[PDB]
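Here the Cβ is made from the backbone with ideal geometry for all residues, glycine too, and neighbour counts use every protein chain on show. No value in this document is a laboratory result; all are computed from the given coordinates.
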Amino acid sequence: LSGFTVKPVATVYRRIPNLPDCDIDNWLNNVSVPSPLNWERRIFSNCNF
Amino acid sequence: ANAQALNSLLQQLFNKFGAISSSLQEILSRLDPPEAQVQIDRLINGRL
Amino acid sequence: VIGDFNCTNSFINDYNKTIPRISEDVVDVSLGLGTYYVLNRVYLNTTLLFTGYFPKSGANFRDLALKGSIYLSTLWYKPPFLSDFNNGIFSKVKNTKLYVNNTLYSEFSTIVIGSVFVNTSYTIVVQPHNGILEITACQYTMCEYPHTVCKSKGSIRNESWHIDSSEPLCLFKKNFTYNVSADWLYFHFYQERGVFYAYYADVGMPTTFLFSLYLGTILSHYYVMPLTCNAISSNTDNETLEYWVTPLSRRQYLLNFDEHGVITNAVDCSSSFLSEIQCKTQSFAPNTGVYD
Amino acid sequence: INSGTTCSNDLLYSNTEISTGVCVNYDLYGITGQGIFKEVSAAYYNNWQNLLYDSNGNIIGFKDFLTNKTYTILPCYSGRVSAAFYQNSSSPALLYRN
Ligand SMILES: *[C@@H]1O[C@H](CO)[C@@H](O[C@@H]2O[C@H](CO)[C@@H](O)[C@H](O)[C@H]2NC(C)=O)[C@H](O)[C@H]1NC(C)=O
Ligand SMILES: *[C@@H]1O[C@H](CO)[C@@H](O)[C@H](O)[C@H]1NC(C)=O
Ligand SMILES: *[C@@H]1O[C@H](CO)[C@@H](O)[C@H](O)[C@H]1NC(C)=O
Ligand SMILES: *[C@@H]1O[C@H](CO)[C@@H](O)[C@H](O)[C@H]1NC(C)=O
């Protein structure tokens, strides 16, 4: 008779990243709170968050 | 002699026969249905 | 000329001969020199007939060291110093270990791979540092006369090979480590169906995988930046820079893996008549018979 | 939007947990297929090796970089039943070989 086949679920995905993380939590947890007049700006690019 | 004949036929599933790859799951995951039949036809005509 | 952006107009000396000296040794693959492990695959107690990009046995290298001085030149940025990246190259760099101020520092030249070396294209730069290897492939802005300086006992110049305000749209950025107290280094760079590969070794005959990146473009140019320093001259220490390069081609090899997964022997299938029989039967000890 | 090289990892890292005993698909390091996993003690992996292959070219194991564990991939069952049926019977006799 015909072959019995099933459709599995819950696939697995794995891949090694090639770009470093953005690391925003450490920058937002800085002990130095800037004044509203300063509002220091830092730009994040080509990273993972 | 029987073992060599069965192992040679088993390796035919890893050949490309001109296609982009040998696994049908990779073809059906990186190409659209309209342009995917041209790649599967090369694997069917080669394995048969 | 490398880039299309004027960056400096400092002193320039006369265009000397700068002959690309040829090495006296040949490539020997009887122990593993020239072969590399697979990307992320492990083979145990088996023999594999790999069809990859390996250097041809019995061939000489060509030096590309461009150790500069207080002056520079315009012929260094011209062929044959800028070869054609047809299929790949094989590097063999000497670990220039200095002992300035009783400190063991390891510095040597870099390698740049690109297609047109402009902003709308991707340029792969592998610049070594003190005990840390850096690899970035972004859309840098190449200068007309790029060069690098030395950290320990710096020159009277400043390293300036790219000028940008913000970081461009990069595709790969990662650091690697290497042994500082080493003797020789080996590398592997080649392309296949668009994607790019890279290897590196510090000890042993084979090399280890670094990364695999997809670009979609066919890069066919590579150039080695000079090393402007004032510590490897005649009056200074007798250390000399070396950077050997030999072309690669698609050829079949036979690798042997022991019970642990270390390459023990390797033979080139297009070297002699005996090696042709080994790659046909896939064994280092062929049987008795007549082979065509 | 929908450009650049700054993405988020809120899709591929959904569960980050694998089972051992059931058949499920996998996309480990660009390799696609199906199989069954099984925990095993392996000490032949290096700092740059993550997959295990045989001479024929099939993956028979891997190593996860998030938990530092080694497994073994085995092909999942896909067989065929041989049934014998009489002339004017109502249900054939089934036989699952091996
Ligand atoms: C890889 O290594 C390089 C070299 O150490 C790192 O670049 C340093 O970054 C810090 C922080 O921005 C600077 O203070 C240093 O001046 C940089 N060094 C050099 C030589 O430029 C880099 O951050 C490391 N990581 C990555 C992802 O590249
Ligand atoms: C390696 O393979 C040989 C040849 O089949 C065999 O005799 C030997 O027992 C194997 N060793 C191990 C550790 O599997
Ligand atoms: C680095 O090389 C030195 C000698 O070349 C050796 O003694 C040392 O063990 C090596 N270290 C590593 C981490 O390989
Ligand atoms: C796995 O082992 C390596 C080397 O021992 C270690 O650097 C890494 O942190 C380990 N992974 C985890 C998740 O602990």
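FRET efficiency for residue C:127 and residue B:12, Cβ-Cβ distance as r, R0 = 56 Å, nearest 0.05? Once rounded, the FRET efficiency stands at 0.75.
Among A:29, A:38, A:18, the largest mean-square fluctuation in a Gaussian network model of chain A, built with springs joining Cα atoms closer than 10 Å, belongs to A:38. The GNM of chain D, with springs linking C-alpha atoms under 10 angstrom apart, assigns the highest mean-square fluctuation among D:24, D:81, D:40 to D:81.
Applying D = kT/(6 pi eta Rh) to the protein assembly as shown, where Rh is the Kirkwood radius over alpha-carbon pairs, T corresponds to 25 °C and eta to 0.890 mPa s, the Stokes-Einstein value obtained is 92 µm²/s.
Scattering from the C-alpha atoms of chain B alone, worked out with Debye: what is log10 I(q)/I(0) at q = 0.17, 0.20, 0.22, 0.32 1/Å? Listed by q, the Debye log ratios stand at -0.52, -0.65, -0.74, -1.18.
For region D:52-98 versus region C:123-189, the spacing of their alpha-carbon centroids is 51 Å. Divide the volume of the convex hull around the Cα atoms of region C:4-163 by the residue count and you get 180 Å³ per residue. In chain C, the DSSP-assigned H stretches of four residues or longer account for a calculated mean residue ellipticity at 222 nm of -1000 deg cm²/dmol, using -39500 (n - 2.57) per stretch and the full residue count as denominator. Counted residue by residue at 0.36 nm each, then reduced by the alpha carbon distance between them, the extension gain from residue D:67 to residue D:83 reaches 1.1 nm. With one equal scatterer per alpha carbon and no solvent term, the Debye-computed log10 I(q)/I(0) for chain D at 0.21 1/Å reads -1.15.
The fewest-to-most ranking of D:63, C:78 by surrounding Cβ atoms within 10 Å reads C:78, D:63.
Using alpha carbons only, the radius of gyration of chain A set against its Kirkwood radius gives Rg/Rh = 1.44. Entry note: chain C has Rg to Rh equal to 1.00, where both radii use alpha-carbon atoms and Rh is the Kirkwood radius. Over chain A, dividing the summed -39,500 (n - 2.57) contributions of all DSSP H runs of at least 4 residues by the number of residues returns a 222 nm mean residue ellipticity of -2000 deg cm²/dmol. Could you name the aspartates and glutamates in cross-link range of residue C:153, using Cα to Cα under 19 Å and dropping any fewer than eight places away on the same chain? Reachable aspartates and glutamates: C:107, C:237, C:239. The alpha-carbon of residue C:94 sits under 18 angstrom from the alpha-carbons of these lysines, leaving out residues fewer than 8 places away in its chain: C:67, C:151.
Between helix B:37-47 and chain B there is an angle of about 10 degrees, using the helix long axis and the longest principal axis of the Cα atoms.
At 4 °C and a viscosity of 1.567 mPa s, what translational diffusion coefficient does Stokes-Einstein give for region C:193-262, taking Rh as the Kirkwood radius over Cα pairs? Give it in µm²/s as a whole number.
Details: Rh = 16.9 Å.
Diffusion coefficient, whole number: 77 µm²/s.
Just need log10 I(q)/I(0) for region D:51-98 at q = 0.18, 0.26 Å⁻¹, Debye formula, equal scatterers on the alpha-carbon atoms, no solvent, rounded to two decimals. Ignoring solvent entirely, the Cα scatterers give -0.71, -0.97.
Isolated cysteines in chain D, defined as those with no second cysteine Cβ under 4.7 Å, comprise D:7. For chain C, modelled as a GNM whose springs connect Cα atoms under 10 angstrom apart, the maximal fluctuation among C:249, C:165, C:152 occurs at C:165. Placing a pseudo-label 7 Å from each Cα along the Cα-to-Cβ vector at residue A:15 and residue A:45 gives an inter-label distance of 2.3 nm.
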